[PDB]
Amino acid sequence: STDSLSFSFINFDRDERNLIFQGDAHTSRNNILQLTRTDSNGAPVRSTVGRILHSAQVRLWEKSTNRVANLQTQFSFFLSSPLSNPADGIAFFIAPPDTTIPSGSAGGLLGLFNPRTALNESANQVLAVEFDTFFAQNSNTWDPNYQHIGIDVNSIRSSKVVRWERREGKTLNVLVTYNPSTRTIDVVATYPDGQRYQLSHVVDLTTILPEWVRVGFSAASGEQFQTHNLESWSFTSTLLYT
């Protein structure tokens, strides 16, 4: 018997009344959620930002009872592009409930940050798990010099990264958990051939985010582009004694 909230989509209907759509995010007739803008043929375009949030607010703690949320999310996406350098990536993310798309964020900032404050942790309130396909050091100075999965804490510069291969049109299955007893954020990603990716980072979520949050996804393209297609998503949060 716990206080908990849980939800799941195996498809995205064109009428999803519990989802908040931001910027260019929209749902295709095929019921795949498309985060970034496409042209009249469904091809990817430049300078686009898209995000979704579930409308239900997630309670991260309740100081009253020393309870902290233990959370768990699963999702699958694929990316596609005619380009040899496809940009910029998709992120699962957690932020205050009134979070909106920052100015200047269509590009390497992933729809998550303003460029005047993107490396200033004091100005942000965001945990993100990114899948980052574009790392050119000329514009994505913060990035490691390869493709990567990263854990972002109030910064576009990841606290931890692991090397990762983008695969044109292939579904990545992802599992993210937060264990509040160990304060650990744990990420496991897998392609359909079993090719596997792991990444963890210790951060106390109560020190970085407010009591009530919203959860969802962000994606962007700058001068380079791709489609960012979310296929499925489930989420559970459970308040647990810590």
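Note that residue numbering begins at 1 and tracks the sequence as displayed.
| Comparing 62 to 70 with 36 to 44, where is the mean C-alpha B-factor higher? | Averaged over C-alpha atoms, the B-factors run higher in 62 to 70.
| said: Using only C-alpha atoms and the B-factors in the entry, which stretch averages higher, 216 to 224 or 10 to 18? | reply: Mean CA B-factor is higher for 10 to 18.
| task | Could you tell me which one of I208, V188, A56, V49 shows the highest CA temperature factor in the PDB record? | result | Spelled out: the listed residue with the top C-alpha B-factor is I208.
| Residue selected from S76, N124, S105, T133 by maximal Cα B factor | Reading the PDB entry, the winner on C-alpha B-factor is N124.
| request: Would you mind checking where the Cα B-factor of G111 ranks among the modelled residues of its chain, as the lowest, middle or highest third? | output: Ranked within chain, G111 CA B lands in the lowest tercile.
| message | Ranking every modelled residue in this chain by its Cα temperature factor as given in the entry, which third contains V161? | response | For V161, whose C-alpha B-factor we compare with every modelled residue in the chain, the answer is the middle third.
| task | Could you tell me which third, lowest, middle or highest, the C-alpha B-factor of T171 occupies within its chain? | result | Lowest third of the chain for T171's C-alpha B-factor.
| request: Quick one: classify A91 as lowest, middle or highest third of the chain based on its Cα B-factor. | output: For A91, the deposited C-alpha B-factor lands in the lowest third.
| field | Relative C-alpha B-factor of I101, binned into the chain's lowest, middle or highest third | value | Tercile = middle for this residue's CA B-factor.
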